[PDB]
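Participant: generate coordinates for the sequence data below:
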Amino acid sequence: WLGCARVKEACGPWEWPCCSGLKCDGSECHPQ
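Facilitator: Numbers count the residues shown, from 1 in each chain. Dropping the coordinates below:
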């Protein structure tokens, strides 16, 4: 239990849950 991805972490649709307000903009979570 650490937290969530950041605005520079690799995420996806259901592979890595990012924090609230960050959407996978292609591959790296972005600041919306």
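Participant: burial count for residue 23?
Facilitator: 10 (other C-beta atoms under 10 Å). For the C-beta atoms, the positions are set from N, CA and C on the backbone; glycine is no exception.
Participant: so what's it up against?
Facilitator: With contact set as C-beta atoms under 8 Å, 6 or more residues apart in numbering, residue 23 has these partners: 29-30, 32.
Participant: of the residues you listed, buried ones?
Facilitator: Neighbour-count burial within those applies to residue 29; the criterion is 16 or more other C-beta atoms under 10 Å.
Participant: check whether residue 3 really touches residue 19, as I assumed.
Facilitator: Yes. Residue 3 is in contact with residue 19 according to C-beta atoms under 8 Å; the separation is 7.0 Å.
Participant: neighbour count winner among these two?
Facilitator: Neighbour count, other C-beta under 10 Å: between residue 3 and residue 19, residue 19 has more, with 13 against 8.
Participant: which residue is the nearest non-sequential neighbour of the more buried one?
Facilitator: residue 4 (3.9 Å; C-beta to C-beta, 6 or more residues apart in numbering).
Participant: just want the most central residue of the chain.
Facilitator: The geometric centre of the chain, computed from its C-alpha atoms, lies nearest to residue 18 (C-alpha atoms, centre = their mean), at 3.3 Å.
Participant: just checking, it touches residue 5?
Facilitator: Yes. Using C-beta under 8 Å, residue 18 is in contact with residue 5, at 4.1 Å.
Participant: identify the contacts common to those two.
Facilitator: 11, 29.
Participant: coming back round to it: tell me, how many residues neighbour the residue nearest to residue 19?
Facilitator: Neighbour tally, residue 4, other C-beta under 10 Å: 13.
Participant: and it, its phi and psi?
Facilitator: phi -150, psi 180 (degrees, to the nearest 10).
Participant: how close does it sit to residue 22?
Facilitator: 8 Å (C-beta to C-beta, to the nearest Å).
Participant: still on that earlier bit, take the contacts of residue 23 and keep only those in helices.
Facilitator: Using DSSP state H, no member of these falls in helices.
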